[PDB]
Amino acid sequence: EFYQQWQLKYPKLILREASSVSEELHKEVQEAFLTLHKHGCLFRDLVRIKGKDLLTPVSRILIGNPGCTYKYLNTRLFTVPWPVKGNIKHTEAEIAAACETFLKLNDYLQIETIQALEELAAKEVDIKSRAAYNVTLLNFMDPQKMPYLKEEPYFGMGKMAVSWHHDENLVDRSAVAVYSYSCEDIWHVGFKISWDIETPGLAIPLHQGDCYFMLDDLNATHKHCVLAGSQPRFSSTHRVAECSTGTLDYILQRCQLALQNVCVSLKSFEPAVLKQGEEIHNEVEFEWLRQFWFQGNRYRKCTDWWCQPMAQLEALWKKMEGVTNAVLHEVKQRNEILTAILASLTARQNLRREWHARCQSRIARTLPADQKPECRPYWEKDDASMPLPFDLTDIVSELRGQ
Amino acid sequence: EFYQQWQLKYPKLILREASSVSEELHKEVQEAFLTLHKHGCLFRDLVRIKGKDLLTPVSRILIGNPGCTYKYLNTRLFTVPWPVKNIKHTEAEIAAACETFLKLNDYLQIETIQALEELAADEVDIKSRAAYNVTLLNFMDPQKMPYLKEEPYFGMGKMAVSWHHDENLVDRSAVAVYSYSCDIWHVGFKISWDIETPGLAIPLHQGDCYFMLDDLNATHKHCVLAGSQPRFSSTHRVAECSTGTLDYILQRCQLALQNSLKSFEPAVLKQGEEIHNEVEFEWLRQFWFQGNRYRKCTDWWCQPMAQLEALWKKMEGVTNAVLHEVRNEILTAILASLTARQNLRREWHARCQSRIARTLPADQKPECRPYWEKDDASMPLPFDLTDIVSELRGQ
DNA sequence: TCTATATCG
DNA sequence: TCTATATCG
Ligand SMILES: O=C(O)CNC(=O)C(=O)O
Ligand SMILES: O=C(O)CNC(=O)C(=O)O
Ligand SMILES: [Mn+2]
Ligand SMILES: [Mn+2]
């Protein structure tokens, strides 16, 4: 908060001053943050942290590899594809130029990471892996527009734009690189040991152009925050999101895996395969379709990439609904199928209420028309095309009798 | 939340129906909950979980072995002693209740060790794992409390205590709970990190008791769905009291006092200032912050706290010694405990002047002791508010 | 692998 | 061994 003694620190957390980037890059990436901001591609996420619905003070945009997603606090952010070698389409060509810029920024920081990681080993296959960023989450805020910021509760570090947390959904021991852009009373990033409360935390100053890296298991052993300054500030947090079971290819393949048991008639009713089938059904429904509809569609203002695959995933989902109706008709002795799918159906019910709630929640009505969440897939009992109804319990209670 | 097949349930958790404990015991413990309520010995705690100040919907009191304490969410509750062999209870009736909850503790302890044995299909651990040293008594009236958070995962309705873990427990320790429902109360259970598995809500009927054994408390999270009538409850548990009993803090103080110092060896001064911080923020401030309310019931802690205060004052005198003295490795060896002192000092001063801490009735208002303005002569050193650390900070 | 728990009027 | 966030700080 004052003119502090915080430079002496110790690395697993390395800091690299503005003087390390070509300045050729600075203008390009700062212009990318400015164009992205003016077109209105940065939005606040309507997270649901522990049962509570919360808007994030900072406004962000997930950019990265096409087909990749990052789930963070029950919300799954979808990547605006960046032009990775091999061609994708964006709305306006400004946004596409910026996604190009961040893509080269990603490669640059990545190089710096592998190097700093070699320097650290002095105390090889794994590293390259651990420094292979696949996404970057961009943030922005304007401290003079937030009516009230929370206040760091342990070292009187003042207001904070992002409270003590951990970066989530990352490959084990993976590093994270952050480029800070304070516009032209100073911003700082806080770091602290995760469980101790009596060890003074570190606030390291972030000036226009400074970059800081978190290496190895620092993000897991420590928690960090972002203390606010007096001017507005941008930032690109490049990460290597653990995207197994998190890419479009993965969910498509599963779908084909669940649909392999249907020639609506199913090729077999072995309780284990049906279990998987209804679980994959739930996964594509609540982990992809509802989320996208809930918050992804705002990205539609920046890219069309997700329009057709989501629709495919919706068709696939409808077919599962038809297999669900089929198995339900088969139970109209051996009730191992009954004690193999009731949990996935009741879970699908609760998750359906939870999402339905988040959608029509008090906070969710506080944002722009184009951003308000849609509760798709949704359908009233009078729809004929749908095999089953948006459940609301009559069916599970019937299955429960046994 | 209606008649269901939920009773059909599993193994590392046991419910024992009202019909298994003696009616002489139920009347005794039920009368104890009523007397404790009438005397106004149940207060809500002004916890500060993770930096935020919150009042607890349920009202509780910690009763147990003399000299024991239980830390829960940054608040340390002090035990009003229950008779075990010298007790100074303020009112006869409160002392009678603590005697009954002492026999309840023994009883539940026996059933617990039993059920722990039966679950096997050495044996000293089991006994240690079921040696309850404290009990946290709870009461609430759902009518009085209009809006109670709603269970966010299985539509189990309102909750008097959200999904959590019982903390400050010996590893692998069991917990026994006696429920007193005077529209039914339920206890929720679910796998901890698991959000797609439907949770279990077990009905709780006047006189029912449920036990949590082995890791269950660590692998799962439980809650308390509220009913329509008011309810009491005794959660007998074995706090992992080492480092949380008076004898421990007293010895540390003495340990601290063995130094007009006897030595400025960088290691011993470090540990000395650490003991200073521990006694300052983990006993004195907690007792006067949240401790003072229990004097309505018991005066046991008046005697030891005051000794802890006087002694600490002496530790302040040791600090004054070290600041006058300060090659300077006795500087890069004490900065963490003093800066920690500074922050913890703000933290407590804050909890003190918070809105919720200001709205309480006179009996429960938090006291920010030890506190003194610069003007006070007696204290060798001040209440920080920087300067010393800043001066100390250089190089 | 829950847990970044802020509509400041 | 944070994390039971139901009183605007
Ligand atoms: O921008 C920063 O300095 C820090 N941002 C984050 O920690 C994040 O987005 O996870
Ligand atoms: O009273 C009950 O059934 C549950 N109470 C608790 O979980 C508790 O106080 O830790
Ligand atoms: Mn982060
Ligand atoms: Mn509990």
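We place every Cβ from the backbone using ideal geometry, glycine too, and count neighbours over all the protein chains shown. No lab work stands behind these numbers, since they all come straight from the coordinates.
Data overview
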{"item": "222 nm mean residue ellipticity, helices alone, for chain A (DSSP H n ≥ 4; -39,500 (n - 2.57); rounded to 500)", "result": "-10500 deg cm²/dmol"}
{"item": "Listed residue pairs exceeding 23 Å between alpha carbons, taken from A:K52/A:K372; A:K71/A:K319; A:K27/A:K192", "result": "A:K71/A:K319; A:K27/A:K192"}
{"item": "Cα gyration tensor shape for the protein assembly as shown, rounded if a/c is under 1.5, else prolate or oblate", "result": "oblate"}
{"item": "Pairwise Cα inverse-distance average, inverted: Kirkwood Rh of segment B:1-245 (Å)", "result": "18.4 Å"}
{"item": "Virtual spin-label span in nm between A:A93 and B:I49, 7 Å along Cα→Cβ", "result": "5.4 nm"}
{"item": "Gyration tensor (alpha-carbon) shape descriptor, segment A:356-402, a/c threshold 1.5", "result": "oblate"}
{"item": "Fraction of beta bridges assigned by DSSP in the protein assembly as shown that are antiparallel (%, nearest 5)", "result": "95 percent"}
{"item": "Neighbouring partner chain Cβ atoms per residue of A:345-355, average, 10 Å criterion", "result": "3"}
{"item": "Nearest-20 debye value, segment A:154-236 charge dipole, Cβ charges on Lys, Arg, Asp, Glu", "result": "180 debye"}
{"item": "Calculated FRET value between A:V331 and A:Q360, using beta carbons and R₀ = 45 Å, to 0.05", "result": "0.85"}
{"item": "Rough spin-label spacing in nm, given labels placed 7 Å along Cα→Cβ, for B:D122 and B:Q353", "result": "5.8 nm"}
{"item": "For segment A:248-367: rounded, prolate or oblate by the Cα gyration tensor [a/c cutoff 1.5]", "result": "oblate"}
{"item": "Where a label projected 7 Å from the Cα of B:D384 along Cα→Cβ would reach, residues of segment A:152-191 with amide N under 13 Å", "result": "A:154-157"}
{"item": "Nearest-20 debye value, the protein assembly as shown charge dipole, Cβ charges on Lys, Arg, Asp, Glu", "result": "1380 debye"}
{"item": "Other-chain or far-sequence residues with amide H under 5 Å of A:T75's (modelled H)", "result": "A:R48"}
{"item": "Extreme residue, positive dipole direction of chain A, given options A:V240, A:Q115, A:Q7 (C-beta unit charges)", "result": "A:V240"}
{"item": "Separation between Cα centres of segment A:383-402 and segment A:193-243, rounded to whole Å", "result": "47 Å"}
{"item": "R0 of 51 Å, Cβ-Cβ distance A:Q253-B:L257: FRET efficiency to nearest 0.05", "result": "0.15"}
{"item": "Highest-first arrangement of A:222-228, B:342-348, where packing means the average Cβ count within 10 Å", "result": "A:222-228, B:342-348"}
{"item": "15 Å Cα-Cα reach of B:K38 towards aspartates and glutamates, excluding residues that sit fewer than 8 places from it in its own chain", "result": "B:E91, B:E93, B:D141"}
{"item": "Exceeding the 22 Å Cα-Cα cut-off - candidates B:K50/B:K314; A:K150/B:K158; A:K9/A:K128; A:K50/A:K150", "result": "B:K50/B:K314; A:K150/B:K158; A:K9/A:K128"}
{"item": "Rough spin-label spacing in nm, given labels placed 7 Å along Cα→Cβ, for B:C182 and A:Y148", "result": "3.7 nm"}
{"item": "Ordering of A:210-216, A:229-235 by packing [mean C-beta count within 10 Å, highest first]", "result": "A:210-216, A:229-235"}
{"item": "For segment B:1-66 and segment A:159-190, distance of Cα centres in Å", "result": "42 Å"}
{"item": "Shielding of B:45-52 by partner chains, average beta-carbon count, 10 Å", "result": "2"}
{"item": "Shielding by partners - mean other protein chain Cβ count within 10 Å, residues of A:193-201", "result": "4"}
{"item": "Positive-end extreme of charge dipole, segment A:143-228 - chosen from A:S180, A:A228, A:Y212 (charges on Cβ)", "result": "A:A228"}
{"item": "Residues of type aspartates and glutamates that A:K318 reaches as a straight line, Cα spacing below 16 Å, ignoring anything fewer than 8 places off in the same chain", "result": "A:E278, A:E279, A:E283, A:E285, A:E287, A:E380, A:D383, A:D391"}
{"item": "Efficiency of FRET from Cβ geometry, A:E24 and B:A218, R₀ 51 Å, rounded to 0.05", "result": "0.40"}
{"item": "Within segment A:58-109: Cβ-based charge dipole about Cα centre, in debye rounded to nearest 20 (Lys, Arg +1; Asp, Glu -1)", "result": "240 debye"}
